[PDB]
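Undergrad: What follows is a structure written as structure tokens; I'll ask about it next.
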Amino acid sequence: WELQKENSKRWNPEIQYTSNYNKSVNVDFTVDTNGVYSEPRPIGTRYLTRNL
Amino acid sequence: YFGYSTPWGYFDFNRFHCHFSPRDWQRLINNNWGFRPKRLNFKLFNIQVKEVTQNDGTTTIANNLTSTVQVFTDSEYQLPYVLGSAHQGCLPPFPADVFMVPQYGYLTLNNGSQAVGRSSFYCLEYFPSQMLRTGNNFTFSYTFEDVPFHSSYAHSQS
Amino acid sequence: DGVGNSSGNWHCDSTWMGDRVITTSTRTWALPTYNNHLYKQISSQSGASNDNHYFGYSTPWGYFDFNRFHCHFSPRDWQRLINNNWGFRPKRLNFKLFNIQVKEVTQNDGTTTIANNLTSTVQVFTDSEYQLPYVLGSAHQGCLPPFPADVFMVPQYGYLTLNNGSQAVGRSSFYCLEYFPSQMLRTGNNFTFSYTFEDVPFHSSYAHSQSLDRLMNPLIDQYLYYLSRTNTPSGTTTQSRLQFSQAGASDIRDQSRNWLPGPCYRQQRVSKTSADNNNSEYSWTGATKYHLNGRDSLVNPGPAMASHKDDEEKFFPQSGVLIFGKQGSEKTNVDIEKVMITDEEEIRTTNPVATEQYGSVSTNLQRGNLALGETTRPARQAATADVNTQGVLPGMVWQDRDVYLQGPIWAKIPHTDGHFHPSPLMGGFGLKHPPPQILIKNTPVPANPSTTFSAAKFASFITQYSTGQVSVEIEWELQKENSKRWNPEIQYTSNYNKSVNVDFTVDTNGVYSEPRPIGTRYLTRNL
Amino acid sequence: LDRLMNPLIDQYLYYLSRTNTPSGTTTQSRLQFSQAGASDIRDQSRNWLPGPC
Amino acid sequence: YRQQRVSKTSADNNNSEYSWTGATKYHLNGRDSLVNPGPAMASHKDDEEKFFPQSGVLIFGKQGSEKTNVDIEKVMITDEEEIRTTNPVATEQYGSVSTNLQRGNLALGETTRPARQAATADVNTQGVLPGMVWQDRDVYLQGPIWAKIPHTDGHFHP
Amino acid sequence: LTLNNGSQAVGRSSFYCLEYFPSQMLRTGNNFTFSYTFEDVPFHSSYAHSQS
Amino acid sequence: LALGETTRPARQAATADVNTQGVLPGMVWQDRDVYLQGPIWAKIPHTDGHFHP
Amino acid sequence: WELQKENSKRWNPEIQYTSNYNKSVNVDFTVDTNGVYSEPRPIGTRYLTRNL
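Chains as they are written, first to last, in the entry's author numbering: chain R, 694 to 745; chain Z, 272 to 429; chain V, 219 to 745; chain L, 430 to 482; chain S, 483 to 640; chain A, 378 to 429; chain B, 588 to 640; chain G, 694 to 745.
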């Protein structure tokens with residue numbers, strides 16, 4: 694895959710994709726106690742911001 | 272809307288009368304099927320900074336010889352692009368006029384009058400810029416990309 | 219060189235080359251004349267408490283302080299560093315002064331005139347031999363501002379020396395800063411120097427995905443035994459028969475381990491909810507502190523250790539964390555809502571919790587009732603005591619304090635016969651030869667001497683100050699994150715919901731603010 | 430070590446200066462923070478500790 | 483870091499459960515963890531071989547030893563005594579340290595006239611101090627060859 | 378084992394899939410080898426002191 | 588302040604003098620002086636570990 | 694300035710120029726609280742001793 698790197702002068706921070714830090718019975722994107730792997734949510738793409 | 276006003280000014284030549292004159296325009300318009308721009312050169316020079324002092328009902332203006340003016344051009348297109356919105360503050364049509372330099376500001380995402388997390392803030396002192404003191408000048412050159420000729424003709428058929 | 223030529227340009231910018239990163243920043247400064255050109259003795263006042271006495275000297279000189287991270291990184295640049303990397307250290311720096319212009323100010327009646335003084339000089343030196351008291355790294359204010367469009371005043375230089383009470387001692391030193399070769403700059407002159415950081419450990423920008431207490435395989439028992447049970451039921455009344463077990467996954471606390479947590483010096487626990495806390499003044503009597511020469515000194519950062527355990531986030535060590543002010547916070551006695559309290563919890567994996575003991579230690583020697591014609595017949599019993607302070611012990615592992623973008627970059631290790639793990643307790647990189655101090659002064663310009671000779675000192679000078687721009691360029695080395703972790707990491711994110719103001723931005727009045735402390739450790743490593 | 434720093438400049442760190450506050454006749458607990466100057470010297474934040482004992 | 487002393491003769495030991503409440507332990511994140519090996523230190527002094535630290539030695543099983551609650555006769559208790567030369571004995575304190583400041587009775591018009599006296603206290607835990615020498619735990623052919631130092635900002639004598 | 382709060386996972390807790398590593402597949406008649414060099418480490422002390 | 592709790596007694600902040608301190612990270616110290624009629628040197632024992640010999 | 698170094702077989706110690714170690718309100722050869730620099734005493738020269 695070829696990547697296009699992000700070059701921006703934006704000052705304030707970007708929005709990023711983050712997994713929640715709170716405690717949970719199961720970890721996201723992981724097998725459960727029965728061995729079944731699951732994907733909790735659709736993960737999109739657009740996060741970093743460009744000016745139009 | 273939501274946005275930020277900046278201390279910076281900017282130069283706008285984006286109107287044709289900044290370049291052509293009513294006669295020059297006429298040579299273009301009558302004699303040609305079309306045209307496009309190719310290169311440009313830009314220069315700042317004979318820069319002089321004045322300090323202004325107001326005591327009571329009088330105002331004095333004097334040279335400040337050591338003050339600087341700082342200028343940059345963004346060639347990487349990293350700031351919101353204000354030109355091409357048909358704003359005013361172009362170089363005047365008539366060469367003997369003197370013009371004020373417009374203030375730079377930009378808009379970003381809004382929800383109502385409130386900002387959104389994706390909305391951007393740009394600091395223009397975060398760009399390398401050239402500082403000019405009286406006796407210093409600024410230049411750069413630019414090459415237009417290939418673009419279709421404008422059509423200066425009308426059709427004799429439908 | 220000249221009156222009408224610029225001495226340098228504005229370089230503020232950041233380049234990420236994938237191994238290194240260079241952060242350049244330029245600011246505008248203003249430099250008064252401090253102490254009306256003359257040195258002064260300073261000391262604590264009269265009946266000040268013994269803990270607060272001091273003796274020293276204030277100087278006419280100013281100094282430049284870039285020692286805070288936000289002088290270099292920007293909230294976005296910081297985010298690229300923090301999310302993508304295991305660590306980092308500084309490499310070289312460049313420093314420049316330029317576009318220097320000196321202004322004379324005249325006050326007649328109710329008006330003030332300011333004019334150029336073209337022939338005046340500003341004089342600047344950096345001490346590369348570390349021959350002056352080193353003020354940087356004390357977390358003083360007067361850094362280059364976070365936001366590049368701000369203008370800052372240059373701080374005044376002063377230092378402390380030995381004291382007995384408010385009085386000097388024979389070993390106390392006096393330093394004259396005009397006794398150093400210094401460079402004099404007139405408008406059209408500029409100053410530069412470069413500096414190379416010594417080899418220093420990368421800061422750890424990661425948190426551990428494991429803790430010492432669970433380091434091992436749940437599925438397999440050990441082959442070591444521990445003492446599981448002591449007495450045994452015999453008839454009605456039990457008797458003592460000691461028995462051993464082999465520690466499994468339900469025994470986890472009992473398993474044998476190769477390592478121990480980092481050391482501790484306790485803190486008192488206060489809660490962010492004002493109703494939970496006791497009603498009294500414990501702010502001093504309850505504080506944790508040391509003393510030299512018979513005078514107590516509070517320990518604010520202390521040794522690095524976690525600020526609270528699971529689901530206690532309400533709490534935090536009394537003195538034991540860094541606390542930052544919100545924009546426009548007053549100096550003294552300001553509310554909990556006006557400060558930003560840093561949170562060290564990511565280190566709970568290794569370091570102890572600051573408000574709880576290192577552990578418990580045995581005290582007496584147990585015995586049994588059984589004896590023959592002995593005064594030793596009383597059986598006593600096993601006793602234990604909480605160890606509230608633990609010095610470093612063989613086989614201990616720990617983590618240093620985090621960095622915190624508005625916190626300190628470095629500090630100078632004192633010059634001493636011995637050190638242990640010279641990492642500054644405020645955080646940052648301990649350096650034997652830090653970036654040198656850059657000292658700056660307005661050269662005096664006497665005003666109208668008398669026509670007949672007088673051997674007395676000049677008390678009358680032209681009132682004046684100077685200004686100009688300062689540029690700092692630091693090169694940072696990065697340690698890239700290589701991990702097989704499957705699930706996603708935690709990242710630093712700005713909220714996507716609507717808000718009146720954007721975080722890390724100027725408001726409608728033009729005031730730039732930093733909403734929260736931004737830490738470092740996000741990406742996770744296994745221990 | 431205990432005096433290592435600049436007397437003339439305050440720090441930018443805060444410490445917990447005062448715990449309770451007068452309320453009516455009988456005080457209540459409201460914790461307040463101060464920023465350590467030259468009269469606070471014992472309260473300032475420091476990077477180092479004395480040797481062992 | 484002290485251990486409790488238990489004797490291999492079951493009649494000498496107290497009748498109770500001290501196996502946990504009496505154990506030496508640390509805690510991270512608010513949960514106690516027994517320290518089995520502990521820092522390396524001798525298991526007993528001269529002619530005490532009957533005794534040994536509660537958790538403080540490696541214990542190996544004899545061939546065919548059951549997992550849980552197995553007798554003293556089914557285990558093999560290692561003996562660290564060869565280190566008594568340098569390291570402290572695990573069941574006894576590092577030493578004693580002064581506490582108060584002594585003075586005399588003699589004073590003139592003073593409330594300080596009571597003479598007090600010299601006091602001292604056993605130091606049950608000692609962190610590393612300048613000028614200390616020690617010996618590491620022995621190897622023990624059925625014991626471990628190596629371990630991984632955690633990846634951390636600092637270590638001491640890994 | 379990984380981070381826990383009680384018996385529950387925490388957001389920083391990690392999941393490792395071991396099929397996500399290049400691994401060598403061996404069929405009867407295939408063998409596996411590798412070599413390793415220990416880093417410099419102090420000699421163990423196999424001696425006792427004749428002095429205290 | 589508590590509601591239906593046996594934890595209502597407020598206790599108070601307590602502290603204790605530390606009479607022995609082992610080396611802790613971030614400590615600096617000075618060695619004993621020499622004293623012209625005192626010792627020049629000594630032999631470090633041969634041992635698995637030392638600290639600041 | 695050219696220096697002439699001191700070569701002597703004297704056994705006992707020389708007299709030296711020393712600043713007093715006792716506490717004092719002001720340090721010798723230093724500015725005071727008003728910024729005035731003062732020299733407390735004449736400092737001579739002859740200290741080291743030669744045989745005649």
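Note that CB positions come from ideal geometry on N, CA and C, so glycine has one too.
Identify whether V:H358 lies in helix, strand or coil by the three-state DSSP scheme.
TA: Position 140 of the third sequence, counted from the first residue, corresponds to residue 358 of chain V. V:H358 falls in the strand class under three-state DSSP.
Undergrad: Counting only C-beta atoms, is Z:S346 closer than 9 Å to chain V at any point?
TA: The residue labelled residue 346 of chain Z in the question sits at position 75 within the second sequence. No, Z:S346 does not count as interfacial toward chain V.
Undergrad: In angstroms with no decimal places, state the Cα-to-Cα distance between V:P250 and L:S463.
TA: What you label residue 250 of chain V is simply residue 32 of the third sequence in a count that begins at 1. What you label residue 463 of chain L is simply residue 34 of the fourth sequence in a count that begins at 1. For V:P250 and L:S463, the distance between alpha carbons rounds to 27 Å.
Undergrad: Please confirm if the region 236-246 of chain V is in contact with the region 289-301 of chain V, defined as three or more CB-CB distances below 8 Å between the two stretches.
TA: In short, these stretches touch, since the Cβ pair count reaches three.
Undergrad: Between which two residues does the alpha helix (DSSP H) carrying A:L403 extend?
TA: Within the sixth sequence, residue 403 of chain A is the residue found at index 26, counting from 1. A:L403 -> no alpha helix (DSSP H), and no H or E assigned at all.
Undergrad: Grouping DSSP H, G and I as helix and E and B as strand, with all else coil, what is Z:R286?
TA: If you number the second sequence from 1, residue 286 of chain Z lands on position 15. Correct three-state label for Z:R286: coil.
Undergrad: Spell out the partners DSSP gives V:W628 in its beta bridges.
TA: The count along the third sequence starts at 1 and reaches residue 628 of chain V at position 410. Answer is V:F647.
Undergrad: Would S:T581 and S:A603 qualify as a contact pair, given that the criterion is a beta-carbon distance under 9 Å?
TA: One-based indexing of the fifth sequence puts residue 581 of chain S at position 99. One-based indexing of the fifth sequence puts residue 603 of chain S at position 121. Yes, they are a contact pair.
Undergrad: Just to make sure I have the definition right: I need the residues of chain S whose C-beta is within less than 7 Å of the C-beta of V:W616. Which are they?
TA: Within the third sequence, the letter at position 398 stands for residue 616 of chain V. Near V:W616 (Cβ distances below 7 Å), the residues of chain S are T634, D635 and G636.
Undergrad: Hey, quick one: how far does the alpha helix (DSSP H) through V:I332 stretch, first residue to last?
TA: Walking along the third sequence from the start, residue 332 of chain V turns up at place 114. From DSSP, V:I332 is part of no alpha helix (DSSP H) but of the beta strand (DSSP E) over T329 to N334.
Undergrad: Which stretch, first to last residue, makes up the beta strand (DSSP E) that contains V:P308?
TA: Walking along the third sequence from the start, residue 308 of chain V turns up at place 90. Note, V:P308: beta strand (DSSP E), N303 to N326.
Undergrad: If contacts are defined as beta-carbon pairs under 8 Å, then V:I565 and L:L442 qualify, I think. What distance do you get, rounded to the angstrom?
TA: Stepping through the third sequence from its first residue, residue 565 of chain V is reached at position 347. Stepping through the fourth sequence from its first residue, residue 442 of chain L is reached at position 13. No, V:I565 and L:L442 are not in contact; Cβ-Cβ is about 19 Å, not under 8 Å.
Undergrad: Is V:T738 near V:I300, with beta carbons less than 9 Å apart?
TA: As a working note, residue 738 of chain V is residue 520 in the third sequence. As a working note, residue 300 of chain V is residue 82 in the third sequence. Result yes, Cβ atoms of V:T738 and V:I300 sit closer than 9 Å.
Undergrad: Does the region 379-392 of chain A come within contact of the region 714-721 of chain G, defined as at least 3 CB pairs closer than 8 Å?
TA: No: the two stretches stay apart, fewer than three of their Cβ pairs being nearer than 8 Å.
Undergrad: If we define contact as Cβ-Cβ less than 9 Å, is B:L590 a contact residue for chain V?
TA: Along the seventh sequence, one-based indexing puts residue 590 of chain B at 3. It does not; no Cβ of chain V falls within 9 Å.
Undergrad: What is the rounded straight-line gap between the Cα of V:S429 and the Cα of V:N744?
TA: What you label residue 429 of chain V is simply residue 211 of the third sequence in a count that begins at 1. What you label residue 744 of chain V is simply residue 526 of the third sequence in a count that begins at 1. Spanning the two alpha carbons is a distance of roughly 9 Å.
Undergrad: Have a look at V:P570 and S:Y508 and give me their C-alpha separation to the nearest angstrom.
TA: As a first step, residue 570 of chain V is located in the third sequence; it is residue number 352 there, counting from the start. As a first step, residue 508 of chain S is located in the fifth sequence; it is residue number 26 there, counting from the start. Cα-Cα distance, rounded: 9 Å.
Undergrad: Distance check for S:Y500 and V:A601, CA to CA, integer angstroms please.
TA: Here residue 601 of chain V corresponds to residue number 383 of the third sequence, with the count starting at 1. Here residue 500 of chain S corresponds to residue number 18 of the fifth sequence, with the count starting at 1. The alpha-carbon atoms of V:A601 and S:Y500 are separated by roughly 9 Å.
Undergrad: Three Cβ pairs or more, each shorter than 8 Å: is that satisfied between the region 662-679 of chain V and the region 617-630 of chain S?
TA: Cβ pair count under 8 Å is below three, so no.
Undergrad: Rounded to a whole number of angstroms, what is the C-alpha to C-alpha distance between R:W704 and R:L741?
TA: On the first sequence, residue 704 of chain R is found 11 positions in, with the first residue counted as 1. On the first sequence, residue 741 of chain R is found 48 positions in, with the first residue counted as 1. Cα to Cα, R:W704 sits roughly 13 Å from R:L741.
Undergrad: In terms of residues, what are the limits of the beta strand (DSSP E) holding V:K659?
TA: Stepping through the third sequence from its first residue, residue 659 of chain V is reached at position 441. Element bounds for V:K659: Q655 to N660.
Undergrad: Report yes or no: is there a C-beta of chain V within less than 9 Å of the C-beta of residue 670 of chain S?
TA: No answer is possible for residue 670 of chain S: the residues shown for chain S start at 483 and end at 640.
Undergrad: Check whether the region 258-273 of chain V touches the region 511-526 of chain V, counting contact only when three or more Cβ pairs, one atom from each stretch, lie closer than 8 Å.
TA: A contact exists between the region 258-273 of chain V and the region 511-526 of chain V.
Undergrad: If you run the structure through DSSP and keep just helix, strand and coil, what is Z:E416?
TA: Locating residue 416 of chain Z in the second sequence gives position 145, where the first residue counts as 1. Note: Z:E416 maps to coil in three-state DSSP.
Undergrad: What does V:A425 reach in chain A if we use C-beta pairs closer than 8 Å?
TA: The sequence position of residue 425 of chain V within the third sequence is 207, counting from 1. Correct list: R389.
Undergrad: Tell me whether V:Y397 is buried or exposed, calling it buried when 16 or more other Cβ atoms sit within 10 Å of its Cβ.
TA: Position 179 of the third sequence holds residue 397 of chain V. It counts as exposed.
Undergrad: What span of residues does the beta strand (DSSP E) with S:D514 cover, start to end?
TA: Sequence index remark: in the fifth sequence, residue 514 of chain S carries index 32 (1-based). Here the beta strand (DSSP E) through S:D514 covers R513 to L516.
Undergrad: Please state the DSSP three-state secondary structure of V:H255.
TA: As a position in the third sequence, residue 255 of chain V is number 37, starting the count at 1. Helix.
Undergrad: At which residues does the beta strand (DSSP E) containing L:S452 begin and terminate?
TA: Along the fourth sequence, one-based indexing puts residue 452 of chain L at 23. Segment: none, L:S452 is in no beta strand (DSSP E) and carries neither H nor E.
Undergrad: Whole angstroms are fine: how far does the CA of V:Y622 sit from the CA of V:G406?
TA: Numbered from its first residue, the third sequence carries residue 406 of chain V at position 188. Numbered from its first residue, the third sequence carries residue 622 of chain V at position 404. Each residue's Cα considered, the two are about 38 Å apart.
Undergrad: Have a look at S:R487 and S:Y576 and give me their C-alpha separation to the nearest angstrom.
TA: Translated into positions along the fifth sequence, residue 487 of chain S becomes position 5. Translated into positions along the fifth sequence, residue 576 of chain S becomes position 94. S:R487 and S:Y576: Cα-Cα distance of roughly 15 Å.
Undergrad: Pull up the distance between the alpha-carbon of V:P308 and that of V:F420, whole angstroms please.
TA: Along the third sequence, read from residue 1 onward, the residue named residue 308 of chain V stands at position 90. Along the third sequence, read from residue 1 onward, the residue named residue 420 of chain V stands at position 202. V:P308 and V:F420: Cα-Cα distance of roughly 9 Å.
Undergrad: Determine, for A:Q385, whether the minimum Cβ-Cβ distance to residues of chain S falls below 9 Å.
TA: Within the sixth sequence, residue 385 of chain A is the residue found at index 8, counting from 1. No - not a single Cβ of chain S is within 9 Å of the one on A:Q385.
Undergrad: For B:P640, go through chain V and note every residue whose CB falls closer than 8 Å to its CB, in chain order.
TA: Your numbering for residue 640 of chain B matches position 53 in the seventh sequence. None at all; the shortest Cβ gap to chain V is about 10 Å.
Undergrad: Are the C-beta atoms of A:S429 and some chain S residue less than 9 Å apart?
TA: Translated into the one-based positions of the sixth sequence, residue 429 of chain A becomes position 52. Interface residue, yes.
Undergrad: For a contact meaning CB atoms closer than 7 Å, what does B:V610 contact in chain L?
TA: One-based indexing of the seventh sequence puts residue 610 of chain B at position 23. Under the 7 Å cutoff, chain L gives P481.
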